[PDB]
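Computed from the coordinates by the stated procedures, all read-outs in this text should not be read as laboratory data. Every residue, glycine as well, gets a Cβ built from its backbone with ideal geometry; the counts of neighbours run over all protein chains shown.
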Ligand SMILES: O=c1[nH]c(=O)n([C@H]2C[C@H](O)[C@@H](COP(=O)(O)O)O2)cc1F
Ligand SMILES: O=c1[nH]c(=O)n([C@H]2C[C@H](O)[C@@H](COP(=O)(O)O)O2)cc1F
């Protein structure tokens with residue numbers, strides 16, 4: 001079967017041949033296409049792009065970070081992952097109108113939405129136990145008791161909380177599917193930076209399927225990446241052109257060195273990526 | 001210029017060929033595929049499927065019903081459309097534990113989420129002016145003020161309001177896109193019956209896009225249909241195969257007779273479908 005990465009390179013290709021010019025908040029300018037969908041098999045392999053090294057440590061840590069229900073950039077920073085510190089800075093907070101908010105506090109972002117959807121938000125350092133709808137755990141429960149369910153969904157898009165956020169969620173929602181004891185997941189992404197972003201997202205949710213599959217006794221199935229506004233910044237054009245020529249190398253494999261019973265007991269040491277030979281950067 | 005209805009007929013074909021068996025809530029078997037996508041042009045044509053007649057009056061009347069933020073089945077029923085009456089019956093309610101609810105009261109469904117997302121749902125008679133977030137309106141405002149924005153989303157999936165609904169929503173969320181004065185919409189359906197549902201849904205949101213484009217002064221672009229669980233009942237595999245051999249007829253045209261400026265000011269008399277000649281069956 002053709003390499004799984006071709007699906008992704010094929011999209012960069014499309015955006016370059018049919019992508020119309022569009023601007024972002026700043027006005028940097030990009031080439032955009034609206035409405036894309038890619039399929040990545042998770043059966044005995046892991047969709048960790050090879051044409052360009054992906055920040056694996058970042059993916060793993062950020063996911064464990066969401067799982068906890070944390071909305072503090074600091075807790076993720078103190079792990080070597082700074083991808084969220086920029087939004088937790090002292091100025092950025094006031095820039096949007098959050099002066100009373102302590103530095104680091106991102107607001108009711110991802111994590112919060114997954115474990116306490118609909119709960120009155122207050123501050124990053126607070127207890128929310130038994131508050132709001134715990135979607136993540138509900139999903140696990142359903143997959144275990146009624147795998148045929150067609151309404152197994154995790155929604156991070158909360159219209160009423162959007163204001164109180166450092167940045168709207170790029171991942172509006174994800175849906176799970178089970179058939180022949182095989183767990184699949186589809187992610188809806190409102191906007192994606194094909195250049196240096198989508199690759200990290202593909203792995204984030206690919207990992208999330210793996211974890212859930214592990215605690216539900218199912219086998220990883222398919223990961224469907226659905227995009228809204230898929231764009232490439234005008235400057236990443238050249239860099240990607242030489243990347244489209246690089247031949248994709250066999251995807252690595254993710255092994256779970258331990259046996260976990262609950263989604264919360266997952267440790268960063270519990271995982272291991274073998275056969276990951278990315279292209280030089 | 002490949003006919004639009006082929007994208008759709010293609011999907012059914014794909015399900016028959018690659019789909020697997022999967023039982024629904026009642027135990028009935030379906031041929032299921034998880035993860036699908038089609039693109040429909042809204043330029044000078046309306047994607048009202050021709051290989052089989054679609055209940056247009058139902059499509060138009062129902063949408064006008066959502067714009068009103070109504071949640072009373074009887075309001076829609078007293079218009080000639082009975083697609084929701086079943087969930088409003090005294091009997092249906094009781095079994096769900098809504099013995100206090102009145103006949104017709106569906107709960108915090110589409111209308112409600114669209115105009116009062118987050119608001120505390122009382123009953124189908126209550127007034128919610130100013131309560132919750134009016135997503136429909138917010139979408140429309142944003143198209144005008146910040147067309148390049150990538151947050152133009154309208155979510156109908158409210159984890160918190162689930163237990164109060166007659167049934168979970170099928171249209172999780174929809175995203176809009178604006179480029180080169182063209183208005184596009186993507187819809188994410190968690191699940192859809194390719195035979196009865198999907199055709200109806202396609203039309204419904206194509207209509208919505210026409211409306212919002214009309215009000216914002218933009219030209220309808222594309223309508224992207226994203227699916228989660230695309231299924232077909234096993235007992236329909238035969239009549240479907242027969243329909244799959246039907247040659248799609250030219251898509252009809254949609255015309256808004258009078259100029260409207262506000263989304264609430266739309267009335268059924270303002271629309272007209274011309275050139276709709278579906279396959280008799
Ligand atoms: O996982 C990520 N996904 C992503 O899309 N962005 C950025 C890339 C893009 O430049 C920005 C767009 O934000 P918006 O759609 O609000 O304009 O989102 C960053 C991440 F870490
Ligand atoms: O507009 C509609 N779209 C739609 O897909 N369904 C039905 C078709 C499918 O048989 C059912 C599945 O519901 P569930 O996923 O809860 O089993 O949704 C009903 C509508 F009114």
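Do we have residue A:27 as part of a loop (DSSP other than H, G, I, E, B), free of Cβ contacts under 8 Å to residues at least 60 places away in the same chain, out of contact with any helix residue (DSSP H, G or I) (no Cβ under 7 Å at 6 or more places or on another chain) and surrounded by 15 or more Cβ atoms within 10 Å (Cβ to Cβ) here?
On the way: part of a loop (DSSP other than H, G, I, E, B): yes; free of Cβ contacts under 8 Å to residues at least 60 places away in the same chain: yes; out of contact with any helix residue (DSSP H, G or I) (no Cβ under 7 Å at 6 or more places or on another chain): yes; surrounded by 15 or more Cβ atoms within 10 Å (Cβ to Cβ): no.
So residue A:27 does not fit the description; no.
Among the residues that make up region A:68-79, is at least one of them surrounded by 20 or more Cβ atoms within 10 Å (Cβ to Cβ), within 16 Å of ligand 1 (Cβ to nearest atom) and farther than 30 Å from residue A:221 by Cβ?
Yes, that holds for at least one residue.
For region B:174-187, state whether one or more residues are within 12 Å of chain A (Cβ to nearest Cβ), within 22 Å of residue A:189 (Cα to Cα) and assigned to a helix (DSSP H, G or I).
no
What single numbered condition from (1) surrounded by fewer than 22 Cβ atoms within 10 Å (Cβ to Cβ); (2) under 30 Å from residue B:238 (Cβ atoms) fails to hold for residue B:94?
(2)
For residues in region A:207-228 being farther than 16 Å from residue A:173 by Cβ and crowded, with 23+ Cβ neighbours inside 10 Å, which is farthest from the other protein chains (Cβ to nearest Cβ)? I'd like the intermediate steps shown before the answer.
Taking region A:207-228 first, the residues farther than 16 Å from residue A:173 by Cβ are A:207, A:210-211, A:213-222.
Of the ones still in play, those that are also crowded, with 23+ Cβ neighbours inside 10 Å are A:207, A:213, A:220.
Details: A:207: 18, A:213: 14, A:220: 13 Å.
Applying the filter and picking the extreme gives A:207.
Conditions: (1) within 10 Å of the chain's Cα centre (by Cα); (2) away from ligand 1 (no atom under 15 Å from the Cβ). Residue A:203 meets all but one. Number of the miss?
Only one criterion in (1) within 10 Å of the chain's Cα centre (by Cα); (2) away from ligand 1 (no atom under 15 Å from the Cβ) is unmet by residue A:203, namely (2).
Kindly provide the set of residues from region B:161-173 that are outside any loop (DSSP other than H, G, I, E, B) and within 18 Å of residue B:197 (Cα to Cα), ordered by number.
B:171, B:172, B:173
Do any residues in region B:229-243 that are within 14 Å of another protein chain (Cβ to nearest Cβ) have Cβ atoms under 7 Å from those of residues that are away from ligand 1 (no atom under 16 Å from the Cβ) and assigned to a helix (DSSP H, G or I), where the two are at least six apart or on different chains, and which pairs are they?
The qualifying pairs are B:230/B:11; B:230/B:15; B:232/B:12; B:232/B:15; B:232/B:240.
If I filter region B:188-204 for residues that are closer than 30 Å to residue B:102 by Cα, within 11 Å of chain A (Cβ to nearest Cβ), within 13 Å of ligand 2 (Cβ to nearest atom) and in contact with a helix residue (DSSP H, G or I) (Cβ under 7 Å, 6 or more places away or on another chain), do I get at least one hit?
Within region B:188-204 (the criterion being closer than 30 Å to residue B:102 by Cα, within 11 Å of chain A (Cβ to nearest Cβ), within 13 Å of ligand 2 (Cβ to nearest atom) and in contact with a helix residue (DSSP H, G or I) (Cβ under 7 Å, 6 or more places away or on another chain)), the answer is yes, since at least one residue qualifies.
Filter region B:106-136 down to residues that are closer than 20 Å to residue B:211 by Cβ, more than 16 Å from ligand 2 (Cβ to nearest atom) and free of Cβ contacts under 8 Å to residues at least 60 places away in the same chain, then give me how many there are.
First, the residues of region B:106-136 that are closer than 20 Å to residue B:211 by Cβ: B:109-117, B:133-136.
The next check asks that each one be more than 16 Å from ligand 2 (Cβ to nearest atom); those that pass are B:112, B:115-117, B:133-136.
Now restrict to residues that are free of Cβ contacts under 8 Å to residues at least 60 places away in the same chain: B:112, B:115-117, B:133-135.
Counting residues in region B:106-136 that are closer than 20 Å to residue B:211 by Cβ, more than 16 Å from ligand 2 (Cβ to nearest atom) and free of Cβ contacts under 8 Å to residues at least 60 places away in the same chain gives 7.
Conditions: (1) surrounded by 23 or more Cβ atoms within 10 Å (Cβ to Cβ); (2) outside any loop (DSSP other than H, G, I, E, B). Residue A:108 meets all but one. Number of the miss?
Failing condition for residue A:108: (2).
Of all residues in region A:8-36, how many are within 20 Å of the chain's Cα centre (by Cα) and away from every other protein chain (no Cβ under 12 Å)?
Count: 4.
Inside region A:158-171, can you point out the residues that are in contact (Cβ under 8 Å) with a residue 40 or more places away in the chain and either touching a helix residue (DSSP H, G or I) at 6+ places or on another chain (Cβ under 8 Å) or within 16 Å of ligand 2 (Cβ to nearest atom) (or both)? First the steps, then the outcome.
Pass one, region A:158-171, residues in contact (Cβ under 8 Å) with a residue 40 or more places away in the chain: A:158, A:161, A:164-167, A:169, A:171.
Residues satisfying the conditions are A:158, A:161, A:166, A:167, A:169, A:171.
Per-residue answers, yes or no, for (1) assigned to a strand (DSSP E or B); (2) over 27 Å from residue B:245 (Cβ atoms):
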site	(1), (2)
B:1	no, no
B:16	no, no
B:36	yes, no
B:49	no, no
B:53	no, no
B:58	no, no
B:65	no, yes
B:70	no, yes
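Anything in region A:231-256 that is in a loop (DSSP other than H, G, I, E, B) and within 16 Å of residue A:278 (Cβ to Cβ)? List them, or say none. Talk me through it step by step, then tell me what you get.
First, the residues of region A:231-256 that are in a loop (DSSP other than H, G, I, E, B): A:234-236, A:244-252.
Residues satisfying the conditions are A:244, A:245, A:246, A:247, A:248, A:249, A:250, A:251, A:252.
Scan region A:177-187 residue by residue and report those that are crowded, with 20+ Cβ neighbours inside 10 Å and more than 16 Å from ligand 2 (Cβ to nearest atom).
A:183, A:185, A:187
Name the residues in region A:133-160 that are away from ligand 1 (no atom under 16 Å from the Cβ), surrounded by 22 or more Cβ atoms within 10 Å (Cβ to Cβ) and either part of a loop (DSSP other than H, G, I, E, B) or more than 14 Å from chain B (Cβ to nearest Cβ) (or both), would you?
Selection gives A:150, A:152.
Can you run down the residue pairs with Cβ atoms below 6 Å, 6 or more apart or on separate chains, where the first is in region A:137-150 and more than 18 Å from residue A:210 (Cβ to Cβ) and the partner is more than 15 Å from ligand 2 (Cβ to nearest atom)?
none
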